[PDB]
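Student: Questions regarding the structure given below will be posed in turn.
Please treat every number below as a calculation from the coordinates, not as lab data. FYI the Cβ positions are ideal-geometry reconstructions off the backbone, even for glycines, and counts take in every protein chain you see.
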Amino acid sequence: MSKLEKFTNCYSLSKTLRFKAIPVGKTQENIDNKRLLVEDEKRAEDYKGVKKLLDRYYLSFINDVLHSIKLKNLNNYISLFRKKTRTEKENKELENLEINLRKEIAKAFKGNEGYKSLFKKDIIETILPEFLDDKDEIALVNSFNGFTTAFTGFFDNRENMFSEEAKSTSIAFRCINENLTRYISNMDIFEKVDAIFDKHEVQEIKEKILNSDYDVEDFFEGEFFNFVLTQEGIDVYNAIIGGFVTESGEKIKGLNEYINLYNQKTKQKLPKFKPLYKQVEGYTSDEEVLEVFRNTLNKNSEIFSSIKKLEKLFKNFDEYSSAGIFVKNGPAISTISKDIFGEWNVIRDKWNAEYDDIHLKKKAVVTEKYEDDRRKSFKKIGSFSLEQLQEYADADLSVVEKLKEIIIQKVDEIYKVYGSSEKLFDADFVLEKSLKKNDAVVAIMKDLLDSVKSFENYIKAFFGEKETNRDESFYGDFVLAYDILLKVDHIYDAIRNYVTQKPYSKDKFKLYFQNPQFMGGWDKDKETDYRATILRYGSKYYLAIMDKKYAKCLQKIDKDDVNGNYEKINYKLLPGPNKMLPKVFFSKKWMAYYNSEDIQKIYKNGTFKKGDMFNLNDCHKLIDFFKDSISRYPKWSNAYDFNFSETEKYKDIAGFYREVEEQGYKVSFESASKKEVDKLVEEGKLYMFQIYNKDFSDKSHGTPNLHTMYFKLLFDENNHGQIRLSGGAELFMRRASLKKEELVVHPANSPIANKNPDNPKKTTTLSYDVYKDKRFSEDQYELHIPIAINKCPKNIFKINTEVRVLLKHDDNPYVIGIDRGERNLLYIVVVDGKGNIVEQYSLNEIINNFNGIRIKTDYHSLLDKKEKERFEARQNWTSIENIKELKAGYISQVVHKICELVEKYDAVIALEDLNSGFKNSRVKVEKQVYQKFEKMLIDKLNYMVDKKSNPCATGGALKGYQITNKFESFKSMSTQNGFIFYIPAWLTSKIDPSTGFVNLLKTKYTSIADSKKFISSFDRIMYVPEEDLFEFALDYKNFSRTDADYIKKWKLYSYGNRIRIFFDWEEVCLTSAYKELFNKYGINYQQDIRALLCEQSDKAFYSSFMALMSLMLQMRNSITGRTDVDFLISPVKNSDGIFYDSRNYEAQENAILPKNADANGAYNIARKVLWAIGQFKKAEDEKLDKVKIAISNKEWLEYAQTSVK
RNA sequence: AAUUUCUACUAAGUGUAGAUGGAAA
Ligand SMILES: [Mg+2]
Ligand SMILES: [Mg+2]
């Protein structure tokens, strides 16, 4: 019994099969002549109108009820706010009061004013019919009367407002947390500067025309937050704050405009006010897109005006609070420090040195826990004041002026891009081609939007995310510009969603066939309400839909031996036993059914539920009553063979309900007459589609598609309970999106060309036609049928624990490690329990295995061709989607080459944990693709099943494994999942496998003094001429930052040659390199010569020497221009003494050490997983559920150096 | 370049190999 063989039938799972429904016979002419489509197609197209109406009524309800709202807890909390609470267990009651407040204010919506006659059928039945004015506004709704469930997901998406889900999609969350901040802040700035706007010019002119009472004064004061919760009140507030129109050409100016003019003194520097928020692009026609672009991005657009305004703001950057202004800490810092100071990692280093000077004493060598806590303290830092950067700099470094410099440079680049694009902004310009094919009207669009969005992405940093005092005179105008510049994001993402849109179109609308309950269930008793059924004639399945008013025309039909009989499918599975059993047995129906009192007593107690320790009679009483009622309730026992188990096996009620649902699935067949249903069809009393995909057609011979297998297995005589038809299928239609004047086709007998070079046959000559995108050039009725794999599971138990358990008790574990690479998309090595490379290879060549003869199809050469294609495509918005699809079509053909190894070896998988990786900008599989892969691997491994195997055995369509829990979220991937271990990826490639050596030195030039310190740090530098190598001895106790290594001492060498970076490319041998660096500078070298070295003092030697020493510790030599020279080398001796040169292994069937540097990566990942298994084999069976797997650098190096001796 | 759909195809000729959870927003 292997490990996998136990994992089976673990927990529920739900998939959804899709199928094309071909209409057959004369049902097409039937649905046409009776016009059963256009009613629905219209029902779908105006459904957007009903959405508009529902939105409008919801907003009216919100408005009038928030005219009927008041708030109490604010008057104390606003004062608590400006108090400078500074935590100290006094803002926790702030959190409590604010959460409770957001609760109670949303208690109007969630609680009262109806809200129940809002989300049932009641809405379009009574309310929207009532609340209505236009004849067409009712022509839509009254038409939708009957199909009220078509808003189901729409209804649920409307719950998000009336709750307190702590997200901007809520009512109180927007109108409270995006309101209280701004309202209180504006009232505060009012109390500060309410003395500049005098009475007789602004106050009275805002007094009279607006409200005639509480004119302007009471507005900002205190509790008036209650009145800004409506829409007209908040709108008049937001007009006061910005300016009014007074319904004529007066244009009376607002308070903030008054303070804006008040810089005539040129020294007010008085910040600007801010209104409140409130909750609730083309892509349809070409010229519409072009118009949107030219109208919302031209020289008179608000986006460009805001760019100009923020540029003018940065014209005054220097004269602001050089210490109250903050950049937000995070990824931006990494490039801001690169551009200001010059080097990519300056600010990080400065703060690292500071926190070392503060929290670290003068101890000789740092430790890994201290470094980790320092990085955590760094991430914990909120932001970085510009003044901290002033001191973080060297002298004479104007951080503010450098910032102004780079930012004005960006903006002038924007201007230049505009100057290139004037031809497209000229209102007298016209388009010439189809925008999709056209490029000049897309290449220019991209050159423009890209620069603009890069500026928006670069300036976004200047927030500091929620702080103390800042230059509100700066941030005011800043945010006023930024909230407008943000829209370029949406405009960009709606132009790109069009220049990439496919030529066909998958717009579909759902059929109903004049039945609100269409195809809702598969039940022989309520078929008449559902009016949907399946047939079968051998190996071809059929769907049958009769009509509205003949619903019984599939009942009185018997086989008759006419040499042809359509079968049938019936005999529903049991619905909701846990809850439909109580309502089917406690439905008042005791009037003339039985005579007992104890059963009723323990139900009135509810003691047969939980809340009792244990009872051998209490719950068993309910159970025996149910089982004696099912034997006498003649509507079930007649159908189902109720064969229960014995009484001693029972221990709970959940097991009982599980057993019931197990005994509630008895699908079977009835017969029918072929000519009978045929005449039913011809008479237009039965519309009968075949269910079909490219497998059911006779001419198919190869292996079917997994979902074909699932469907076929839905009716096999082995599908005991595994794959059951979760009722509620639907039936869609989608029009022909291609015009028949556009179709393209390789004509008959024309010898076509074949794209994959490995395929030897270089042509092909079909004797018919190959219509490119045919399936979209015609109507196509497709239907969806859900299923539910393993509805009644047996082996209920946590998986993460039992994989650990089975690992401990196991003696020989296997481990599959996967890691990316620069010359391989994904490299696989699989190791034994002891550290042997059992198998290694690359996955650049997925080898399809069909009909015995295998054809290999590359996937890296393909990706390189598509990339070189992007390189010369002039706009690459559609040549950058093709690659993001090919990759995501290559991590769906490696899932099989992995769920092959897992079955073949009964192993675990080792995946890099992306949360802690730094991939070097040249790995072929970018992070966003790999992150998808891990999700597309958890999902397959969730129900791993082979297609070429026995549908009955283990590992087949009915008994596939479940060896990994349901995927939760991209970030919830940590440290284990079923048979997948999310292990980090530090020091995983630059490490020799034969020794465990690593290079922890800091081998770049800093200063001749530091150079001499590093040189003397060594132990012995003697050019031993017996092998003619330069042996270097070193103790990692000498150099700092070496808290990782464990051997801590090594005898380096100059063995062999290394490859430069220099971009040029230059092979060099290290021995002769040291020879020349000794002779050319004249140091007698046949001897330790460390002292002889430090005699030199020129920067023209040590600088050139430190780089050569870096060249000594490479271990990752490569061309960067050719895949065929990529070798890993180790300048440290093994037990023998010979070094590790991967070239020695490439010409070997199955080496013992990794062949390519990539393979080294997967090897070291698998070894981390092995260390995890080891740590599993030390604890106790009850303590395996706590063992940590986060193999820190120290422990990892300990393992990777002690396990090899 | 044929597909419930996606990807790579031509895979011995109306198709082959993998994968696929859809509807709503
Ligand atoms: Mg197939
Ligand atoms: Mg294709």
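Student: Scan region A:683-693 residue by residue and report those that are more than 27 Å from A:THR16 (Cβ to Cβ) and either within 7 Å of RNA strand B (Cβ to nearest atom) or in contact with a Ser or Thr (Cβ under 9 Å, 6 or more places away or on another chain) (or both).
Tutor: A:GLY684
Student: Sort out for me the strands (runs of 3 or more DSSP E) sitting completely within region A:979-1049 that have 3 or more residues that are among the small types (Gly, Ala, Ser) and at negative phi. If you could, list the steps in order and put the result at the bottom.
Tutor: Details: elements: A:980-983, A:1020-1024, A:1029-1035.
Qualifying strands (runs of 3 or more DSSP E): none found.
Student: How many residues are within 23 Å of A:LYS548 (Cα to Cα), away from RNA strand B (no atom under 12 Å from the Cβ) and not in a helix (DSSP H, G or I) if we restrict to region A:14-72?
Tutor: 8
Student: Identify the residue in region A:416-432 that is surrounded by 13 or more Cβ atoms within 10 Å (Cβ to Cβ) and among the hydroxyl-bearing types (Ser, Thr, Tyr) and, among all such residues, is nearest to A:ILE333 (Cα to Cα).
Tutor: By that ranking, first place goes to A:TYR418.
Student: Going through A:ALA21, A:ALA44 one at a time, which residue ends up being within 37 Å of the chain's Cα centre (by Cα), closer than 30 Å to A:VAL945 by Cβ and either crowded, with 17+ Cβ neighbours inside 10 Å or of a type in the set (A, V, I, L, M) (or both)?
Tutor: Within the list A:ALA21, A:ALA44, the selection yields A:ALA21.
Student: So which of A:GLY114, A:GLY146 ends up being exposed (fewer than 12 other Cβ atoms within 10 Å of the Cβ) and closer than 30 Å to A:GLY520 by Cβ?
Tutor: So the residue among A:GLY114, A:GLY146 that is exposed (fewer than 12 other Cβ atoms within 10 Å of the Cβ) and closer than 30 Å to A:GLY520 by Cβ is A:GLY114.
Student: In addition: Could you list, in sequence order, all residues of region A:517-552 that are touching a strand residue (DSSP E or B) at 6+ places or on another chain (Cβ under 7 Å) and within 20 Å of A:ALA150 (Cα to Cα)?
Tutor: The answer is A:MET519, A:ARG531, A:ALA532.
Student: So, restricting to helices (runs of 4 or more DSSP H) that lie completely within region A:446-534, which ones have at least 2 residues that are charged (D, E, K, R) and under 26 Å from A:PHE273 (Cα atoms)?
Tutor: A:472-485, A:487-499
Student: Continuing with this model, one more query. Would you call A:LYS579 surrounded by 12 or more Cβ atoms within 10 Å (Cβ to Cβ) and not small (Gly, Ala, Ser)? Write out each step before concluding.
Tutor: Details: surrounded by 12 or more Cβ atoms within 10 Å (Cβ to Cβ): no; not small (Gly, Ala, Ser): yes.
So A:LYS579 fails the test.
Student: Further question: Looking at region A:885-893, can you tell me whether even one residue there is part of a loop (DSSP other than H, G, I, E, B) and either loosely packed, with under 14 Cβ neighbours inside 10 Å or more than 12 Å from RNA strand B (Cβ to nearest atom) (or both)?
Tutor: There is at least one residue in region A:885-893 that is part of a loop (DSSP other than H, G, I, E, B) and either loosely packed, with under 14 Cβ neighbours inside 10 Å or more than 12 Å from RNA strand B (Cβ to nearest atom) (or both).
Student: All but one of (1) surrounded by fewer than 17 Cβ atoms within 10 Å (Cβ to Cβ); (2) touching a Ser or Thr at 6+ places or on another chain (Cβ under 8 Å) hold for A:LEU66; which doesn't?
Tutor: The number of the failed condition is (1).
Student: List, please: which pairs have Cβ atoms under 9 Å, are six or more places apart or on different chains, and start with a residue in region A:13-24 that is among the hydroxyl-bearing types (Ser, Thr, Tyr) and end with one that is more than 16 Å from ligand 1 (Cβ to nearest atom) and in a strand (DSSP E or B)?
Tutor: A:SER14/A:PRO786; A:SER14/A:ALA788; A:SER14/A:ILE789; A:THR16/A:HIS784; A:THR16/A:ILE785; A:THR16/A:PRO786
Student: Could I ask something else about it? Which condition number in (1) over 25 Å from A:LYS502 (Cβ atoms); (2) assigned to a loop (DSSP other than H, G, I, E, B); (3) more than 7 Å from RNA strand B (Cβ to nearest atom) is the one that A:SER737 fails?
Tutor: (1)
Student: Let me ask another. Of the numbered conditions (1) exposed (fewer than 13 other Cβ atoms within 10 Å of the Cβ); (2) of a type outside the set (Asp, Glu); (3) within 24 Å of the chain's Cα centre (by Cα), A:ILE880 satisfies every one except a single condition; which is it?
Tutor: Evaluating A:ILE880 over (1) exposed (fewer than 13 other Cβ atoms within 10 Å of the Cβ); (2) of a type outside the set (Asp, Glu); (3) within 24 Å of the chain's Cα centre (by Cα) leaves (1) as the failure.
Student: Within region A:694-718, how many residues turn out to be surrounded by fewer than 18 Cβ atoms within 10 Å (Cβ to Cβ), within 16 Å of RNA strand B (Cβ to nearest atom) and among the polar types (S, T, N, Q)?
Tutor: So the count comes out to 4.
Condition check ((1) part of a loop (DSSP other than H, G, I, E, B); (2) under 18 Å from A:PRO813 (Cβ atoms)) across all residues:
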position	(1), (2)
A:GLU1149	yes, no
A:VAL1169	no, yes
A:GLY1174	no, yes
A:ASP1181	yes, yes
A:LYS1188	yes, no
A:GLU1198	no, no
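Student: I'm trying to understand the selection: among the residues of region A:213-248, which are of a type in the set (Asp, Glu) and either exposed (fewer than 13 other Cβ atoms within 10 Å of the Cβ) or over 44 Å from the mean Cα position of the chain (by Cα) (or both)?
Tutor: Matches in region A:213-248: A:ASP213, A:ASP215, A:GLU217, A:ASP218, A:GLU221, A:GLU232, A:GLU247.
Student: Going by the conditions given, is A:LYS1168 within 24 Å of A:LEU826 (Cβ to Cβ) and basic (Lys, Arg)?
Tutor: For A:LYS1168, the condition - within 24 Å of A:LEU826 (Cβ to Cβ) and basic (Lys, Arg) - is met.
Student: Given the conditions (1) within 16 Å of RNA strand B (Cβ to nearest atom); (2) in contact with a strand residue (DSSP E or B) (Cβ under 8 Å, 6 or more places away or on another chain); (3) not charged (D, E, K, R), which single one is not true for A:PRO747?
Tutor: Evaluating A:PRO747 over (1) within 16 Å of RNA strand B (Cβ to nearest atom); (2) in contact with a strand residue (DSSP E or B) (Cβ under 8 Å, 6 or more places away or on another chain); (3) not charged (D, E, K, R) leaves (2) as the failure.
Student: Next question. I'm trying to understand the selection: among the residues of region A:659-681, which are part of a helix (DSSP H, G or I) and touching a helix residue (DSSP H, G or I) at 6+ places or on another chain (Cβ under 7 Å)?
Tutor: A:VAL660, A:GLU661, A:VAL681
Student: Need the failing condition index for A:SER631 against (1) surrounded by 11 or more Cβ atoms within 10 Å (Cβ to Cβ); (2) under 48 Å from the mean Cα position of the chain (by Cα); (3) of a type in the set (S, T, N, Q), just the number.
Tutor: (2)
Student: Okay, next question. Which count do you get for residues in region A:87-100 that are assigned to a loop (DSSP other than H, G, I, E, B) and more than 20 Å from A:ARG182 (Cα to Cα)?
Tutor: 4
Student: Return yes when A:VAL838 is assigned to a strand (DSSP E or B) and either of a type in the set (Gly, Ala, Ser) or farther than 14 Å from A:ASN1156 by Cβ (or both) and no when it is not. Spell out the reasoning first.
Tutor: Numbers: assigned to a strand (DSSP E or B): yes; either of a type in the set (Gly, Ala, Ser) or farther than 14 Å from A:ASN1156 by Cβ (or both): yes.
When the stated conditions are applied, A:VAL838 passes them.
Student: Taking only region A:675-722 into account, find how many residues are within 14 Å of ligand 1 (Cβ to nearest atom) and either on the phi > 0 side of the Ramachandran plot or among the aliphatic types (A, V, I, L, M) (or both).
Tutor: Residues flagged as within 14 Å of ligand 1 (Cβ to nearest atom) and either on the phi > 0 side of the Ramachandran plot or among the aliphatic types (A, V, I, L, M) (or both) within region A:675-722 amount to 2.
Student: When the residues of region A:759-799 are filtered to those that are small (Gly, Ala, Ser) and farther than 22 Å from A:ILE534 by Cα, which remaining residue is farthest from RNA strand B (Cβ to nearest atom)?
Tutor: The residue in question is A:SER777.
Student: While we're looking at this one, here's another question. Pairs only if they're at least six apart or on different chains, beta carbon under 7 angstrom, first in region A:859-878 and under 21 Å from A:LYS502 (Cβ atoms), second in a helix (DSSP H, G or I) and of a type outside the set (A, V, I, L, M, F, W, C); list them, first residue then second.
Tutor: Listed pairs, sorted by first residue: A:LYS866/A:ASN882; A:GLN875/A:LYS446; A:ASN876/A:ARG870; A:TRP877/A:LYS446; A:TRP877/A:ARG496.
Student: If you don't mind, another one. Sort out which residues of region A:740-780 are in a loop (DSSP other than H, G, I, E, B) and either aromatic (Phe, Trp, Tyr) or within 16 Å of ligand 1 (Cβ to nearest atom) (or both), and write them in order of number.
Tutor: Hit for region A:740-780 is A:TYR768, nothing else.
Student: Here is a further query. Which of (1) touching a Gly at 6+ places or on another chain (Cβ under 9 Å); (2) of a type in the set (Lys, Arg); (3) surrounded by 12 or more Cβ atoms within 10 Å (Cβ to Cβ) is the odd one out, the single condition A:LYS251 does not satisfy?
Tutor: A:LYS251 satisfies all of (1) touching a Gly at 6+ places or on another chain (Cβ under 9 Å); (2) of a type in the set (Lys, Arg); (3) surrounded by 12 or more Cβ atoms within 10 Å (Cβ to Cβ) except (3).
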